[PDB]
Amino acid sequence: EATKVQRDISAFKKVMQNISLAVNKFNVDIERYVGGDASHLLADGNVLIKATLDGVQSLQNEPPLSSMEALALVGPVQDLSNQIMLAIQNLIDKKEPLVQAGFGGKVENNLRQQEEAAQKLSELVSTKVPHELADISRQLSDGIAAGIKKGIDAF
């Protein structure tokens, strides 16, 4: 069936973040540990065990993830790109009824605004990505830009 309202997968993200923070607290402490009393390291370990077991409880009621829902978790940038590309094709698919409704020009206008806004966010992201990810990040934004252009060219 057609795309539905996005599944709330926040419980999964929360478990991941909780475990991530507990692991980080341990890494900060262990790397600075020289010798002597290690009670605080054992406490860090206990916090991590509890975060893990809390995850077992937190996710006990979650239905299985679909392919798309799993990607939303594992590869959120890829998920977003996929959903944007879907939006573009879905829009192009409705060109005829949109024109029959009198909205063809307005859609083209809106797409030109999407294009300009996307360009601006893409520029900003290019300044925040580490140098070794510059090309892969640009490839992703260029792909979206090309999609928006396809939309514009259809209206």
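Each residue number is its position in the shown sequence, starting from 1.
Legend: mean Cα B-factor per stretch from the PDB entry, 23-31 versus 104-112; the higher mean is in 104-112. The PDB entry records a higher mean C-alpha B factor for 122-130 than for its counterpart among 122-130 and 39-47. Ranked against the other modelled residues of its chain, the C-alpha B-factor of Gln60 as given in the entry falls in the middle third. Among the modelled residues of its chain, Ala72 has a C-alpha B-factor that falls in the highest third according to the deposited record.
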